[PDB]
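For reference, the structure is listed below as structure tokens.
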Amino acid sequence: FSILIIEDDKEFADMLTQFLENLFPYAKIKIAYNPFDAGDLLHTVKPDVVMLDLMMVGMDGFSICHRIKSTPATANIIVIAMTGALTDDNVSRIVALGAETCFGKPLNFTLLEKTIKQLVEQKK
Numbered sequence: 016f017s018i019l020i021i022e023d024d025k026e027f028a029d030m031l032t033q034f035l036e037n038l039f040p041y042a043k044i045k046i047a048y049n050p051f052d053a054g055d056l057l058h059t060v061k062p063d064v065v066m067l068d069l070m071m072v073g074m075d076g077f078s079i080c081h082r083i084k085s086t087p088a089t090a091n092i093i094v095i096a097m098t099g100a101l102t103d104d105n106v107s108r109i110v111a112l113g114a115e116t117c118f119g120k121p122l123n124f125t126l127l128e129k130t131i132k133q134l135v136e137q138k139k
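Just so we're aligned, residue 16 is where the sequence shown starts under our numbering, counting upward by one.
Here it is in structure tokens:
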């Protein structure tokens with residue numbers, strides 16, 4: 016079981032990674048720290064879940080989400096958006112583009128714990 020984290024904040028990316036390794040001791044968790052690595056690791060890691068930061072510098076997260084969810088090979092990936100300033104327009108947009116949901120920052124890790132476990136199960 017495989018998770019790809021798209022996130023340019025290193026400290027946060029390592030914390031999210033550690034949290035998700037704690038939660039799923041048998042998953043492989045990978046980080047893409049920049050837009051190219053995000054494009055590349057989409058294919059090479061073959062993730063079941065992507066955690067998508069919508070404020071990564073130099074990439075349009077809305078477009079990336081749309082590309083993931085509308086392409087046959089990647090359509091079944093569970094996409095969870097994350098962003099700093101949540102507005103309801105950004106949430107509505109990301110969700111309509113195929114993300115399951117969108118988390119504001121600082122991330123509510125209690126809600127995330129429940130959410131990601133649910134989504135992983137409701138796929139199987």
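Think of the CB as a built atom: it goes at the ideal place given N, C-alpha and C, for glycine as much as any other residue.
Nearest to residue i (by Cα), restricted to the options the options
i: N123; options: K25, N105, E26, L31; result: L31
i: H81; options: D103, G113, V60; result: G113
i: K43; options: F77, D52, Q33, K120; result: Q33
i: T125; options: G76, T89, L38; result: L38
i: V135; options: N91, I83, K84; result: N91
i: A111; options: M70, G119, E36, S78; result: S78
i: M71; options: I46, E115, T86, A88; result: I46
Limits of the unbroken beta strand (DSSP E) element including residue i
i: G113; result: Element bounds for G113: n/a, residue is neither H nor E.
i: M66; result: 64-68
i: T98; result: 93-98
DSSP-derived helix/strand/coil call for residue i
i: residue 140; result: What is shown of the chain runs 16 to 139, which leaves residue 140 out entirely.
i: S78; result: helix
i: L19; result: strand
i: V135; result: helix
i: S85; result: coil
i: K129; result: helix
Pair within 9 Å by beta-carbon distance, residue i and residue j
i: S107; j: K61; result: no
i: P40; j: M74; result: no
Host alpha helix (DSSP H) of residue i (start-end)
i: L101; result: That residue, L101, is in no alpha helix (DSSP H); it is neither H nor E in DSSP.
i: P50; result: 50-59
i: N37; result: 25-38
Taking contact to mean at least 3 C-beta pairs separated by less than 8 Å, is the segment 51-68 in contact with the segment 20-33? yes
Are the segment 61-81 and the segment 89-105 touching by the rule of at least three beta carbon pairs closer than 8 Å? yes
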